[PDB]
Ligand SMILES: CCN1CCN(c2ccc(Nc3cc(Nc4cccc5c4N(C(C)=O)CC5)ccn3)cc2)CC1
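We begin with a single chain expressed as C-alpha cells, specifically the form solved without the ligand.
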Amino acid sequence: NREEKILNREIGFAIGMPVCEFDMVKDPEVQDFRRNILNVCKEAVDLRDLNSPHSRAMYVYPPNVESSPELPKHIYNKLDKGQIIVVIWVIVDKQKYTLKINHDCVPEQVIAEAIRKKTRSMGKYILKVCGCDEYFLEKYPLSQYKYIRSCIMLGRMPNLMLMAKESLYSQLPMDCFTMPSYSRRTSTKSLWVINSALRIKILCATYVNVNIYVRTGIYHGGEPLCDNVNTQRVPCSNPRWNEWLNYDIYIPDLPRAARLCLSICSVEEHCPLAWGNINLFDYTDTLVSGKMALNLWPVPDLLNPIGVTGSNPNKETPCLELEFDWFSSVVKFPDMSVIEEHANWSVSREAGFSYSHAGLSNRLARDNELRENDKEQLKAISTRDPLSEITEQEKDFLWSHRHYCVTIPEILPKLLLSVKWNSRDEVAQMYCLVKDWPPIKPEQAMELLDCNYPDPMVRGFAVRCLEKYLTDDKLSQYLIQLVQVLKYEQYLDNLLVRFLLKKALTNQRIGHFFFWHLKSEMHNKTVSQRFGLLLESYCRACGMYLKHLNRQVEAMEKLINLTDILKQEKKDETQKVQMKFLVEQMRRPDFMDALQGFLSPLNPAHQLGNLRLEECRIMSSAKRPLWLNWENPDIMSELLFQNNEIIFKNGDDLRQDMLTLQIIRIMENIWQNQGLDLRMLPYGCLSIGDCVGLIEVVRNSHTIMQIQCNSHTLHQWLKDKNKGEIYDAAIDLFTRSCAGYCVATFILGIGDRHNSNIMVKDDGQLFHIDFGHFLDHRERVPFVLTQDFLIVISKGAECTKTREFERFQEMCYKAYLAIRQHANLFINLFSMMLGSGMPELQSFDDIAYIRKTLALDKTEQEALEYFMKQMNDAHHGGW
C-alpha cells in the first residue's frame, strides 16, 4: 500500500489524471478490464525475466533492425565486393580500429576482428552506436541493423563503440513488478431461442437546451441491418416520446457486433442536434435489457455509425432515456460450439439442395458448377482496391463461391462485405470459414481492423496474422494506425489491445511511442477512458522506463506552460523582451532541471543533456514555436552530433504532418527496395498533445527563400556548396530527391508548395516541410517546378529540352507507377486513420482522392498519361 500509493502518484503524473478517478468508475467493464488486463503485464514481465540479464537488456535496448536480411542490388553495389569499412572505438583515451569486413558479419565476429587488430597493435563485449543509446545485442547480420544500412545508403562511415557487457547490465535496474490492490476481487437463455422481432423504447430526453425527434437505426459497422425508424415529431420544450420503435430484424439474426445508432434531429431541411451509439450486446455477450440512459455527443448525415460507442462522460449534455425488451431471462449470445453446429447443419443442408432449389437465389450455387471464367472473375475482383464498389451481383457471386475463396486468401475483406450480417445462417458459416482461414500478409490483415470490420471473429483473425507475421520493425512503422483502430473496438478488453500492450511491454522502442500516441489523445473524451485505462496498465508493468517517461512528461509540461504564457500574456511584445522573459524563466532551478537531462520523445536513443540557452530562440513562424538546443552528453557525440536540435510548436495540429512523414518513409522504402534510389527526408515529428508537438531539425538545410535572399541563384548556390568533382553527385541527389517529392505530393494532395516550405540541404538533398493538409482540402499539383528547379536539374541551361530533364521525367513515372502497385496499403493506412479527429480525413470520399491521383480505374499506361497531363497543365508545357 505505501509503495503502491507512491506508484499511483507516478502513474497519475504520467497519464495526466489521478488513478483514484478509475477506482470510482462504477461500470464493471472498466473494473474487469483493469483486473483482467494484468495477465498481459505478468506475461510480458516473465519474458523479460526469462534469461534475466540479456533479456532485460533486449527489452530496454532492442535491435533497431530491418525486416529482411536480404539487401537490394543497387545498395550491394555501394559495398566493395560485398564488404563494409567499419570503425570500432575502444575507451582505454579513445582508440579507433578500422576494419574491412563482410557486410553480413555477426556483431561477435566484428568484435573478434577488432580485438585481433588491437592485438596486432601490441563473448564479454557488445557493440554500441557512437553518439546515441543504440546497441547490437542480437545475432543479426551487421547490414540488417538500420544504422549500418543507412550508413551504406548515404555513403557514411559507421562508428561503433566497443563496450563491456557488465557495464551495460549494471546500468539496467531490476524492477520488481507488483500486482495492484484491485487485483484481489429468472434464468439464462440463448439469443437464438427468442422468437421475437427487435423492439426498443425511447422514453425521453433531458438537457435539451436550444434557442424535434429521435432518429434510430441498427448497424453492423457502417452498414445498416434494417431500415431506420424515427419517433413522432415533438416540440423541444417537452421531449417525451414514450414510443416502442419496431425494427425489421428477427432477434436471433442480430450479429455479435450489432449496434443501436441514434440521434436527436430537428425538422424540408433535417439537421442532427446530437448523436449517440450503443452496443446491443455488452462485453459479457449479454443482450442489453431494462432501462438505460445515454448522454449524447455534439455533431462534428442524420446518424453517425462511424462515431464511437458509449455514453458521453460529460453529463451536462443531451441525455436520452431508453428502455429495451424483457424476456424473463438473461439473454446471451450463443457459444462457438452452438455456432459451429448450426453452420455445419446449414452447409450439409445446402450441399443437399437440388438444381431448382439453388436456382431460387443467386446467393446459392451448386458445388460442381464452378467454371474457369467464374474462378478468374473471383481473382479479378480480389485484385481491386478497398474503396472499389462491390455490386450486389458481385456480393451474391462472392458469397455463393465462398468455399473457393479460401484458395485465394487475399479476397477475405471482399467476401466479408458480401455477407448478410442480418442472417445468422450465413454469419455462422462465415465464422467457421474465418476460423480455419489461411494466413494473409500483415498489411492485408490491417484492413480487417478498420471501421468496416467490427466482428470480433474477423478482428481476432487479423490480430493472429499480426502475431504470426508482423515484425517489430513493421509494428513500429504502423503503430500510429494500430493505436487508432483500438477506437473502433466494441469493448475495452479485446485481442488487439492485448497484442499491442504485450509488444509495448516486451519492446521499449515500441512502448515509448505506444505511450506517447495514447498520451497525446488523453484530452479527447471520446477515448480518454480507454486510453487512460490502457496507459495505467502499461505504466504499472513497463518497469524503470516509467521514471524516464515522467522526466519527458514534466519537460513537455513546462514547455507547454511557457509557450502558453508567451501566446496569452506576452502576445504583443518584441522578440528581445520575449527572449529575456524566456531565458529568465527557464533558468529557474525547478524549470532548468526539468528541461534538461532526459530522453528525446522524438527518439529515446537520443539523450538530451544540458540546454544551450544561447542557441535557443523563439521562431517567427506560425504560432511562434521554440527552437531548442541540448548538448548530446554521449562520450562519442562528436561522431554523430554534438547538439540535438528540436522545434517545439504549441498551437497547430501536427497529426497531419506526422501521417505524411510516415507515408513518405513508406513510399521511400517501396522505391528503395524496388531499386530506384529517390532519397526522401522523413524527419521526426510527434504530436504529444492537443495541437502540441515536436519536430526534428535537419542540420545544414535552408528554405528556397533563404537561398534567394535571378532564376540561377539556387543552382549557383549549390555550385558554391559543391565545387569540383562533388558537383555531379549534388545535381544527381537534387534531381532524384526532387522527383520523389514531386510524385509524393501530387499523389497525397499536400498543401501548396512555395519558397518557405521547400528546403534544400548543402549536399543538394531537396525536401518539404510544413505539410499541414492533405487529400481534397480537379486534382491539384502542389509542387510546381519553377525555372529555379529546372535550371539546377539541367546543370545550368532551355532546361525543358534536355536529357537531364528526360531522365528526371522517367524517375517520376517509375516512382508514380511503383506507388500505384502498392495502392491498397496507402488506402488502408488512411482508412485506419478515419477514427482520428483530423478534419480533412472524415469519410472514405476524402480517401477517394488517392483513387483519382493514382488513377486506379484506368490502366497502367492510361495512368502515366493522366499523370503526364496533370504535370503538363500545371507547368504550362514540358510533359
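Numbers for residues come from their place in the sequence shown, where the first is 1.
One more form of this protein, deposited with the ligand bound, exists but is not displayed; see below.
Figure legend: unbound chain with the ligand modelled from its position in the deposited bound form by local C-alpha superposition. Site blocked, with three or more ligand atoms within 2.4 Å of backbone or C-beta atoms.
Contact annotation: of the candidates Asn51, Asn39, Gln842, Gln821, the single residue with a non-hydrogen atom within 4.5 angstroms of the ligand in the deposited bound form is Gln842. Though the ligand is absent from this view, in the deposited bound form it lies within 4.5 Å of a heavy atom of just one residue from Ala44, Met832, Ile850, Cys812, which is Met832. With respect to the ligand in the deposited bound form, the three residues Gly511, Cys539 and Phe598 uniformly fall beyond 4.5 angstroms at the level of their nearest heavy atom. Under a 4.5 angstroms non-hydrogen atom cutoff, the ligand in the deposited bound form lacks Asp455 among its neighbouring residues. In the deposited bound form, the ligand sits beyond 4.5 Å of every heavy atom of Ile565. The ligand is not shown here, but in the deposited bound form it comes within 4.5 Å of a heavy atom of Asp450. For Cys226, no non-hydrogen atom is located within 4.5 Å of the ligand in the deposited bound form, even though that partner is not displayed. Partner proximity in the deposited bound form, defined as non-hydrogen atoms within 4.5 angstroms of the ligand, places exactly one of 725 to 733, 380 to 388, 170 to 178, 603 to 611 at the interface: 380 to 388.
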